Amino acid sequence: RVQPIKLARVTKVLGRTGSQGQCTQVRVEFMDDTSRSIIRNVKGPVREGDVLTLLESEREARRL
Amino acid sequence: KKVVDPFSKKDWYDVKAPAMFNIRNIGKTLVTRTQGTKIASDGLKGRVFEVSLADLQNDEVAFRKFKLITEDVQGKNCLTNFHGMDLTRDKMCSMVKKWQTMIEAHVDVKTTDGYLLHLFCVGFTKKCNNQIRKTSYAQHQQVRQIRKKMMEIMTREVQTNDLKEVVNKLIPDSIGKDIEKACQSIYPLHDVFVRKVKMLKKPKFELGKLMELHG
Amino acid sequence: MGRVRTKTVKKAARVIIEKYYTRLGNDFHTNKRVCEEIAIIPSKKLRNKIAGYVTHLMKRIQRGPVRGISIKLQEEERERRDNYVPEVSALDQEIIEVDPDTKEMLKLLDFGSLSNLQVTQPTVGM
Amino acid sequence: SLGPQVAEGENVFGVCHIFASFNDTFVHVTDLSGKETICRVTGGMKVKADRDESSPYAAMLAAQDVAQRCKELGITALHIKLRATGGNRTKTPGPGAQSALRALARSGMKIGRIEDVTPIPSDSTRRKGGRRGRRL
Amino acid sequence: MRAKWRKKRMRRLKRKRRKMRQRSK
Amino acid sequence: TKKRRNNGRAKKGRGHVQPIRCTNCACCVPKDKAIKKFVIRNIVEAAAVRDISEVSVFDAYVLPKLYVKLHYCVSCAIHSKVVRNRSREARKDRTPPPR
RNA sequence: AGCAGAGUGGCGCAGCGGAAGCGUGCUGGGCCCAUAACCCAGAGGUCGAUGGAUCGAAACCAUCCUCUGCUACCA
RNA sequence: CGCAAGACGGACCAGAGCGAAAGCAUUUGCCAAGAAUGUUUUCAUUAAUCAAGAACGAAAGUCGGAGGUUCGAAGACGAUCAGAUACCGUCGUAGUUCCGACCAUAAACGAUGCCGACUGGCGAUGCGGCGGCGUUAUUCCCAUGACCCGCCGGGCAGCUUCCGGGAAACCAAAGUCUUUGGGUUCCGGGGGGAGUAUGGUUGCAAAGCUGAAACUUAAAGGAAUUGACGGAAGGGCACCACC
RNA sequence: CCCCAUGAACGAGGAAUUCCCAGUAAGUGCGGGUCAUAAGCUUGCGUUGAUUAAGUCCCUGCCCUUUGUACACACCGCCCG
């Protein structure tokens with residue numbers, strides 16, 4: 001939306017979800033706040049410690 | 001309505017509580033500016049104002065909400081009057097639980113003045129001192145005593161003692177605590193609260209008696 | 001991956017450690033050549049496995065006792081724990097006294113010495 | 001837009017009246033008294049699809065606008081009253097209850113208190129669906 | 001449901017015979 | 001023969017009971033055959049608790065809880081999977097499984 | 001005769017200012033172990049005549065004829 | 001924010017209680033009734049089970065009045081479907097409620113007659129009585145209530161096993177049965193035809209009770225075991241599956 | 001089999017569907033087989049050599065347990081007016 005482009009980085013990978021394992025739950029640290037953390041769904045193959053490019057942190061994951 | 005800028009045609013106000021409350025600044029409201037087809041005060045009186053107990057006393061619990069009605073307006077300050085107290089949901093729910101016997105009664109009662117009230121109380125049985133039993137149920141005979149004695153106390157203290165002194169006893173809840181000890185012999189009991197009071201009838205405005213509260 | 005050891009390895013590995021405990025080192029290569037001489041393993045790849053498990057067992061046998069096989073020095077220390085423990089030589093500390101309702105039994109059975117009295121409160125959980 | 005003449009160290013407290021459950025979410029910010037009120041926004045106004053009116057983001061997008069017009073006026077803090085449908089119905093919050101709070105708080109508005117209010121009978125009239133109830 | 005229907009079709013049929021015999025006389 | 005001994009959940013010594021309605025099948029069953037699930041949750045739910053609690057005007061405040069008593073029926077219990085099929089010798093427990 | 005419709009490109013109904021429009025049928029393919037249901041694919045071509053605007057005319061608009069529908073008479 | 005109408009007694013409410021069964025949850029009072037227990041009171045066999053006959057008896061339905069919020073057969077629509085008189089959505093009459101008469105039926109199921117005797121163990125719960133080393137509540141009290149421990153009755157139930165029984169499932173009764181007999185009522189005879197035919201009787205109506213045969217057929221049915229199957233549940237696996 | 005001449009459909013393909021995870025897919029040639037004459041086939045071999053995944057039970061199917069069954073010619077079963 002009218003939020004500027006955010007950047008947030010992985011702290012840990014949780015497990016794979018979706019109905020073919022195509023989605024991946026992941027925990028991410030906000031990269032400006034070190035006590036803030038949100039759970040996300042990320043499509044691509046990820047390792048740990050890599051940075052994403054979030055368009056919002058209003059969105060939050062809860063299920064497949 | 002759909003008048004142009006309909007929150008720049010409104011007039012702010014303040015709402016003042018009785019002198020018995022330590023913090024008397026309740027909050028703020030707004031009505032539309034006067035027209036000859038309907039004046040400010042006529043659209044401002046007869047409201048209800050839910051306010052917490054903690055908000056006003058500033059020493060104590062966040063439950064025992066009071067309703068207050070604006071009976072008079074005085075130059076951008078809206079003075080209030082008692083209307084009846086109520087209680088939260090979660091507190092009322094949490095106390096109710098399995099393996100207890102809930103005890104309830106009400107009375108219609110009159111004050112020394114012309115105010116008329118209709119109080120609703122509650123008691124719960126105690127999970128006792130060192131039970132190995134998993135029940136706390138009581139006989140039916142025992143309950144009807146406790147209800148009789150919960151009415152007897154709550155009529156004595158409210159039939160005498162004028163409107164303001166009633167309120168003064170309910171804020172620390174001296175009323176409920178008195179019942180808890182007086183019923184203790186026939187079953188110990190933990191908890192007494194007055195979940196509602198509903199001001200049913202009330203006397204004339206009486207400006208002299210009015211300003212006593214806001215003195 | 002995979003490669004979970006079969007029972008043919010685990011059967012003979014235990015046997016070979018019991019009867020040739022002394023010959024073992026903790027190196028792979030030395031434990032291989034010993035198994036080659038004290039027995040014949042008819043394959044080469046099989047030999048390289050049985051050595052490696054014999055090595056992996058011998059690591060743990062130098063700690064507490066394994067429950068799949070026995071060696072001599074453990075049965076020594078077994079016997080040493082099971083013939084005297086340093087905790088007592090006295091029975092039990094020689095004098096122990098008891099509270100009443102035991103004293104009443106002893107009264108009716110001709111005993112009347114070495115007692116204390118405490119008459120502990122009612123009752124169960126109370 | 002004209003607010004009151006002081007709000008510098010104090011706050012002005014409105015009541016938020018969040019509505020819960022399915023096929024609908026309201027957010028309706030009012031006075032302390034609730035007698036008069038300000039803007040009122042629905043998830044059916046943000047999102048048109050007739051099936052995303054109860055969705056999280058539709059409830060968030062609603063409150064993301066409503067919370068602007070609050071601070072525009074001078075209302076800065078909010079007591080919260082909840083409402084699930086009740087009346088011998090589901091009597092349980094929808095999805096868009098948790099949702100709107102998380103959005104409106106972080107937009108910048110203060111939260112003062114929160115409570116549950118739901119209309120719960122002490123046993124009242126028969127529920128629609130018949131003896132055998134809905135199936136399929 | 002099945003038996004309760006077999007008892008019902010034969011009930012209405014029995015009623016019709018009564019009417020038809022009452023009609024005949 | 002019987003796959004029960006109670007033949008309900010309890011109807012011992014009592015000729016009739018007042019029935020009660022399922023919350024999501026909209027069905028009608030007895031009170032003492034209905035699956036009785038009481039529920040405790042926080043109002044705000046624990047994901048956004050940090051983002052809310054900081055933004056309080058008070059310096060402390062314990063949050064309310066959400067108290068609801070739910071009655072499910074036989075079919076709407078199995079389908080939402082609060083219960084499941086169990087073995088022949090494993091139906092004789094009365095005991096709730098621990099948390 | 002007043003009013004209305006049409007004068008096939010498989011059928012039947014004839015859709016509109018972009019050369020088959022709609023519904024249906026036939027034939028073939030797909031799905032399925034198979035059938036039904038369901039999903040796709042077709043077909044020589046001023047569409048009665050005489051004219052005008054037009055890039056073009058069953059279809060944009062006229063002048064004529066014929067067949068029918070409703071109404072109805074000259075004969 | 002106030003008012004009106006009708007309906008309804010949540011959470012608390014439980015393998016808890018009461019009633020012959022059907023059934024029975026807001027307050028307070030009145031009216032009559034009953035079980036269990038206590039008793040060194042009374043009567044002295046006054047009993048048990050039952051053709052005839054009698055009372056009560058869910059819901060729906062019928063007749064006459066009142067009422068009609070809510071839900072809602074019927075009916076009218078909207079979808080889904082090749083079809084869809086259905087499941088689903090909207091509207092909605094009878095009915096749902098109360099008063100006075102009828103109707104006598106239900107998986108009215110513990111699918112298990114009533115009365116009596118004898119035969120294992122263990123822990124609970126509701127009610128009465130009895131005893132107590134213990135704490136607590138009020139006038140410090142006693143009398144008493146609350147909690148704790150044990151004992152004796154009768155009541156709703158549970159757990160446990162080579163009591164014994166049963167085809168098994170299971171059951172301290174469905175046990176004490178070829179070693180067959182405590183008392184007594186009701187009722188059953190392969191599967192269909194059929195709760196039909198017919199006559200009797202009751203009912204305003206709807207129907208209830210009582211109840212055959214001709215003919216047809218070698219299976220119908222119960223419990224348990226092994227497979228296969230499931231638009232059942234929980235795990236695991238495959239580029240002849242998917243992403 | 002060779003030489004000259006003739007010069008069509010076809011200008012990236014509907015509904016559907018196959019196969020494949022590392023010297024692998026794809027492109028490209030060669031040997032053997034049948035063979036008197038003759039591979040667009042099959043079986044092997046080299047050469048050039050990617051993209052995408054490091055998963056899942058959604059579809060299709062398979063293994064194990066539990067559960068239900070009027071099925072055992074085994075759901076492509078059985079059975080009603």
# chains A, B, ... in the order shown; residues from 1 in each chain; ligands from 1

$ interface_residues --of "chain F" --to "chain B" --cutoff "7 Å" --atoms "only C-alpha atoms" --output "list in words"
residues 64, 65 and 67 of chain F

$ write_last_selection --atoms "N, CA, C and O atoms" --output "short mmCIF file (atom, residue, chain, number, x, y, z; two decimals), in the first residue's frame"
data_model
loop_
_atom_site.label_atom_id
_atom_site.label_comp_id
_atom_site.auth_asym_id
_atom_site.auth_seq_id
_atom_site.Cartn_x
_atom_site.Cartn_y
_atom_site.Cartn_z
N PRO F 64 -9.00 -9.38 29.67
CA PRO F 64 -10.11 -10.31 29.83
C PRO F 64 -9.89 -11.63 29.12
O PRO F 64 -8.96 -11.75 28.33
N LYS F 65 -10.75 -12.63 29.42
CA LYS F 65 -10.74 -13.90 28.73
C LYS F 65 -12.11 -14.04 28.13
O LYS F 65 -13.02 -13.26 28.39
N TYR F 67 -15.12 -16.64 27.51
CA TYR F 67 -15.73 -17.78 28.15
C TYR F 67 -16.90 -18.13 27.28
O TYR F 67 -17.75 -17.27 27.02
#

$ residues_around --residues "residue F:37" --least-positions-apart "4" --cutoff "12 Å" --atoms "only C-alpha atoms (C1' of nucleotides)" --output "NGL selection string"
:F and (22-23 or 67-73 or 77 or 82-83 or 96)

$ write_last_selection --atoms "C-alpha atoms" --output "short mmCIF file (atom, residue, chain, number, x, y, z; two decimals), in the first residue's frame"
data_model
loop_
_atom_site.label_atom_id
_atom_site.label_comp_id
_atom_site.auth_asym_id
_atom_site.auth_seq_id
_atom_site.Cartn_x
_atom_site.Cartn_y
_atom_site.Cartn_z
CA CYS F 22 -26.03 -28.05 18.27
CA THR F 23 -24.08 -24.89 17.46
CA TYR F 67 -15.73 -17.78 28.15
CA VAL F 68 -18.06 -19.84 25.94
CA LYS F 69 -19.90 -23.12 26.58
CA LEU F 70 -20.37 -25.11 23.38
CA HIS F 71 -22.61 -28.11 22.85
CA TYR F 72 -21.87 -30.20 19.75
CA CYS F 73 -23.83 -33.21 18.53
CA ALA F 77 -18.21 -33.41 16.67
CA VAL F 82 -12.70 -33.22 18.50
CA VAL F 83 -13.29 -36.99 18.73
CA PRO F 96 -9.73 -36.88 29.26
#

$ residues_around --residues "stretch 174-177 of chain H" --least-positions-apart "6" --cutoff "12 Å" --atoms "only C-alpha atoms (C1' of nucleotides)" --output "VMD selection string"
chain H and resid 112 117 to 119 163 to 166

$ write_last_selection --atoms "N, CA, C and O atoms (P, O5', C5', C4', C3', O3' and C1' of nucleotides)" --output "PDB file, in the first residue's frame"
ATOM      1  P     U H 112     -37.279 -54.224  27.533  1.00  0.00           P
ATOM      2  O5'   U H 112     -36.603 -55.377  28.388  1.00  0.00           O
ATOM      3  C5'   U H 112     -37.122 -56.703  28.214  1.00  0.00           C
ATOM      4  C4'   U H 112     -36.457 -57.707  29.161  1.00  0.00           C
ATOM      5  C3'   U H 112     -36.562 -57.406  30.675  1.00  0.00           C
ATOM      6  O3'   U H 112     -36.707 -58.602  31.454  1.00  0.00           O
ATOM      7  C1'   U H 112     -34.324 -57.647  30.114  1.00  0.00           C
ATOM      8  P     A H 117     -35.595 -62.001  50.753  1.00  0.00           P
ATOM      9  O5'   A H 117     -34.950 -63.434  50.781  1.00  0.00           O
ATOM     10  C5'   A H 117     -35.226 -64.371  51.827  1.00  0.00           C
ATOM     11  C4'   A H 117     -34.545 -65.690  51.476  1.00  0.00           C
ATOM     12  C3'   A H 117     -33.039 -65.626  51.231  1.00  0.00           C
ATOM     13  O3'   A H 117     -32.317 -65.557  52.467  1.00  0.00           O
ATOM     14  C1'   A H 117     -34.059 -66.933  49.557  1.00  0.00           C
ATOM     15  P     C H 118     -30.911 -64.811  52.472  1.00  0.00           P
ATOM     16  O5'   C H 118     -29.949 -65.816  51.735  1.00  0.00           O
ATOM     17  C5'   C H 118     -29.613 -67.093  52.273  1.00  0.00           C
ATOM     18  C4'   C H 118     -28.794 -67.877  51.241  1.00  0.00           C
ATOM     19  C3'   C H 118     -27.496 -67.246  50.728  1.00  0.00           C
ATOM     20  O3'   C H 118     -26.432 -67.489  51.657  1.00  0.00           O
ATOM     21  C1'   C H 118     -28.744 -68.023  48.888  1.00  0.00           C
ATOM     22  P     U H 119     -25.226 -66.467  51.746  1.00  0.00           P
ATOM     23  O5'   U H 119     -24.432 -66.692  50.403  1.00  0.00           O
ATOM     24  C5'   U H 119     -23.725 -67.911  50.161  1.00  0.00           C
ATOM     25  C4'   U H 119     -23.103 -67.864  48.762  1.00  0.00           C
ATOM     26  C3'   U H 119     -22.266 -66.625  48.440  1.00  0.00           C
ATOM     27  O3'   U H 119     -20.953 -66.770  48.993  1.00  0.00           O
ATOM     28  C1'   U H 119     -23.731 -67.052  46.637  1.00  0.00           C
ATOM     29  P     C H 163     -13.802 -66.846  38.509  1.00  0.00           P
ATOM     30  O5'   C H 163     -14.924 -67.677  39.250  1.00  0.00           O
ATOM     31  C5'   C H 163     -14.710 -68.188  40.568  1.00  0.00           C
ATOM     32  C4'   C H 163     -16.058 -68.445  41.255  1.00  0.00           C
ATOM     33  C3'   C H 163     -17.088 -69.283  40.492  1.00  0.00           C
ATOM     34  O3'   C H 163     -16.750 -70.673  40.581  1.00  0.00           O
ATOM     35  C1'   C H 163     -18.170 -67.428  41.451  1.00  0.00           C
ATOM     36  P     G H 164     -16.499 -71.494  39.250  1.00  0.00           P
ATOM     37  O5'   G H 164     -17.918 -71.515  38.555  1.00  0.00           O
ATOM     38  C5'   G H 164     -18.993 -72.262  39.139  1.00  0.00           C
ATOM     39  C4'   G H 164     -20.342 -71.744  38.624  1.00  0.00           C
ATOM     40  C3'   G H 164     -20.610 -71.847  37.112  1.00  0.00           C
ATOM     41  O3'   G H 164     -21.005 -73.173  36.721  1.00  0.00           O
ATOM     42  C1'   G H 164     -21.187 -69.716  37.830  1.00  0.00           C
ATOM     43  P     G H 165     -20.865 -73.538  35.170  1.00  0.00           P
ATOM     44  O5'   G H 165     -21.871 -72.595  34.377  1.00  0.00           O
ATOM     45  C5'   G H 165     -23.287 -72.767  34.537  1.00  0.00           C
ATOM     46  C4'   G H 165     -24.079 -71.612  33.895  1.00  0.00           C
ATOM     47  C3'   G H 165     -23.999 -71.507  32.375  1.00  0.00           C
ATOM     48  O3'   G H 165     -24.859 -72.480  31.771  1.00  0.00           O
ATOM     49  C1'   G H 165     -23.759 -69.356  33.314  1.00  0.00           C
ATOM     50  P     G H 166     -24.452 -73.088  30.364  1.00  0.00           P
ATOM     51  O5'   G H 166     -24.565 -71.871  29.363  1.00  0.00           O
ATOM     52  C5'   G H 166     -25.837 -71.296  29.060  1.00  0.00           C
ATOM     53  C4'   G H 166     -25.661 -70.106  28.111  1.00  0.00           C
ATOM     54  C3'   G H 166     -24.850 -70.386  26.842  1.00  0.00           C
ATOM     55  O3'   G H 166     -25.662 -71.035  25.865  1.00  0.00           O
ATOM     56  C1'   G H 166     -24.088 -68.387  27.789  1.00  0.00           C
TER      57        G H 166
END

$ interface_residues --of "chain A" --to "chain I" --cutoff "6 Å" --atoms "only C-alpha atoms (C1' of nucleotides)" --output "ChimeraX atom specification"
/A:19-21

$ write_last_selection --atoms "C-alpha atoms" --output "short mmCIF file (atom, residue, chain, number, x, y, z; two decimals), in the first residue's frame"
data_model
loop_
_atom_site.label_atom_id
_atom_site.label_comp_id
_atom_site.auth_asym_id
_atom_site.auth_seq_id
_atom_site.Cartn_x
_atom_site.Cartn_y
_atom_site.Cartn_z
CA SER A 19 -1.28 -28.73 -0.55
CA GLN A 20 1.80 -29.86 -2.47
CA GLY A 21 4.45 -28.56 -0.05
#

$ interface_residues --of "chain B" --to "chain H" --cutoff "9 Å" --atoms "only C-alpha atoms (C1' of nucleotides)" --output "list in words"
residues 46, 47, 48, 93, 96, 97, 98, 99, 100, 101, 102, 105, 106, 128, 129, 130, 131, 132, 181, 184, 185, 186, 187 and 188 of chain B

$ closest_residue --among "C:38, C:46, C:61, C:91" --to "residue C:8" --atoms "only C-alpha atoms"
C:46

$ closest_atom_pairs --of "chain H" --to "chain A" --cutoff "12 Å" --atoms "only C-alpha atoms (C1' of nucleotides)" --output "CSV"
residue,atom,partner,partner_atom,distance
H:241,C1',A:20,CA,11.7
H:242,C1',A:20,CA,7.4
H:243,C1',A:20,CA,5.4

$ select_by_dssp --residues "stretch 20-110 of chain C" --states "helix (DSSP H, G or I)" --output "count of residues only"
42

$ atom_distance --atom1 "atom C1' of residue H:4" --atom2 "atom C1' of residue H:68"
15.5 Å

$ residues_around --residues "residue I:49" --least-positions-apart "5" --cutoff "10 Å" --atoms "only C-alpha atoms (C1' of nucleotides)" --output "PDB file with N, CA, C and O atoms (P, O5', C5', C4', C3', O3' and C1' of nucleotides), in the first residue's frame"
ATOM      1  P     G I  23      25.880 -39.030 -13.065  1.00  0.00           P
ATOM      2  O5'   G I  23      25.854 -39.285 -14.630  1.00  0.00           O
ATOM      3  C5'   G I  23      26.830 -38.610 -15.437  1.00  0.00           C
ATOM      4  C4'   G I  23      26.142 -38.039 -16.678  1.00  0.00           C
ATOM      5  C3'   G I  23      26.423 -38.816 -17.969  1.00  0.00           C
ATOM      6  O3'   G I  23      25.359 -38.666 -18.917  1.00  0.00           O
ATOM      7  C1'   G I  23      27.309 -36.708 -18.204  1.00  0.00           C
ATOM      8  P     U I  24      24.262 -39.766 -19.173  1.00  0.00           P
ATOM      9  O5'   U I  24      22.965 -39.117 -18.550  1.00  0.00           O
ATOM     10  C5'   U I  24      22.064 -39.976 -17.830  1.00  0.00           C
ATOM     11  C4'   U I  24      20.838 -39.185 -17.382  1.00  0.00           C
ATOM     12  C3'   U I  24      20.079 -38.447 -18.484  1.00  0.00           C
ATOM     13  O3'   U I  24      19.158 -39.331 -19.124  1.00  0.00           O
ATOM     14  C1'   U I  24      20.517 -36.933 -16.741  1.00  0.00           C
ATOM     15  P     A I  25      18.889 -39.234 -20.677  1.00  0.00           P
ATOM     16  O5'   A I  25      17.977 -37.951 -20.811  1.00  0.00           O
ATOM     17  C5'   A I  25      16.644 -37.962 -20.295  1.00  0.00           C
ATOM     18  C4'   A I  25      16.018 -36.573 -20.451  1.00  0.00           C
ATOM     19  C3'   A I  25      15.972 -36.019 -21.883  1.00  0.00           C
ATOM     20  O3'   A I  25      14.858 -36.558 -22.603  1.00  0.00           O
ATOM     21  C1'   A I  25      16.833 -34.373 -20.468  1.00  0.00           C
ATOM     22  P     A I  26      15.039 -37.013 -24.112  1.00  0.00           P
ATOM     23  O5'   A I  26      15.469 -35.705 -24.892  1.00  0.00           O
ATOM     24  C5'   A I  26      14.530 -34.652 -25.131  1.00  0.00           C
ATOM     25  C4'   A I  26      15.237 -33.425 -25.727  1.00  0.00           C
ATOM     26  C3'   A I  26      16.090 -33.664 -26.983  1.00  0.00           C
ATOM     27  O3'   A I  26      15.268 -33.657 -28.155  1.00  0.00           O
ATOM     28  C1'   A I  26      17.377 -32.487 -25.415  1.00  0.00           C
ATOM     29  P     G I  27      15.713 -34.516 -29.417  1.00  0.00           P
ATOM     30  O5'   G I  27      16.951 -33.740 -30.019  1.00  0.00           O
ATOM     31  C5'   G I  27      16.770 -32.438 -30.592  1.00  0.00           C
ATOM     32  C4'   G I  27      18.129 -31.829 -30.950  1.00  0.00           C
ATOM     33  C3'   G I  27      19.005 -32.645 -31.908  1.00  0.00           C
ATOM     34  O3'   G I  27      18.633 -32.403 -33.267  1.00  0.00           O
ATOM     35  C1'   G I  27      20.301 -32.009 -30.054  1.00  0.00           C
TER      36        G I  27
END

$ residues_around --residues "residue B:159" --least-positions-apart "3" --cutoff "8 Å" --atoms "only C-alpha atoms (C1' of nucleotides)" --output "ChimeraX atom specification"
/B:109-112,155-156

$ write_last_selection --atoms "C-alpha atoms" --output "compact mmCIF listing (two decimals), in the first residue's frame"
# COMPACT_ATOMS: atom_id res chain seq x y z
CA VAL B 109 -36.40 -1.29 47.98
CA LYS B 110 -37.04 2.40 48.59
CA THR B 111 -34.57 4.98 49.94
CA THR B 112 -35.17 7.57 52.66
CA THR B 155 -32.87 -3.98 52.94
CA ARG B 156 -31.62 -2.77 56.34

$ residues_around --residues "stretch 14-22 of chain E" --least-positions-apart "5" --cutoff "12 Å" --atoms "only C-alpha atoms (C1' of nucleotides)" --output "list in words"
residues 7, 8 and 9 of chain E; 195, 196, 197, 206 and 207 of chain H

$ write_last_selection --atoms "C-alpha atoms (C1' of nucleotides)" --output "PDB file, in the first residue's frame"
ATOM      1  CA  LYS E   7     -47.688 -49.408   6.511  1.00  0.00           C
ATOM      2  CA  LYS E   8     -48.822 -46.001   5.185  1.00  0.00           C
ATOM      3  CA  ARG E   9     -49.607 -46.888   1.557  1.00  0.00           C
TER       4      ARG E   9
ATOM      5  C1'   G H 195     -51.927 -56.623  11.020  1.00  0.00           C
ATOM      6  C1'   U H 196     -54.409 -57.930   5.213  1.00  0.00           C
ATOM      7  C1'   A H 197     -59.492 -60.468   4.628  1.00  0.00           C
ATOM      8  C1'   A H 206     -58.490 -39.785  11.951  1.00  0.00           C
ATOM      9  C1'   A H 207     -58.394 -44.641  13.541  1.00  0.00           C
TER      10        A H 207
END

$ decode --residues "stretch 74-92 of chain F" --atoms "C-alpha atoms" --output "CSV table (one decimal), in the first residue's frame"
chain,number,residue,atom,x,y,z
F,74,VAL,CA,-22.6,-36.6,17.3
F,75,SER,CA,-22.0,-35.7,13.7
F,76,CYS,CA,-20.7,-32.1,14.0
F,77,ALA,CA,-18.2,-33.4,16.7
F,78,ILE,CA,-16.6,-36.1,14.5
F,79,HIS,CA,-16.4,-33.8,11.5
F,80,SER,CA,-14.6,-31.0,13.3
F,81,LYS,CA,-12.4,-33.8,14.8
F,82,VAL,CA,-12.7,-33.2,18.5
F,83,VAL,CA,-13.3,-37.0,18.7
F,84,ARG,CA,-12.4,-40.0,16.6
F,85,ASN,CA,-12.8,-43.7,16.2
F,86,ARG,CA,-11.1,-45.8,18.9
F,87,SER,CA,-10.3,-49.5,19.4
F,88,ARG,CA,-12.6,-52.1,21.0
F,89,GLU,CA,-10.6,-52.3,24.3
F,90,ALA,CA,-9.9,-48.5,24.2
F,91,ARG,CA,-13.5,-47.3,24.4
F,92,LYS,CA,-13.7,-48.1,28.1
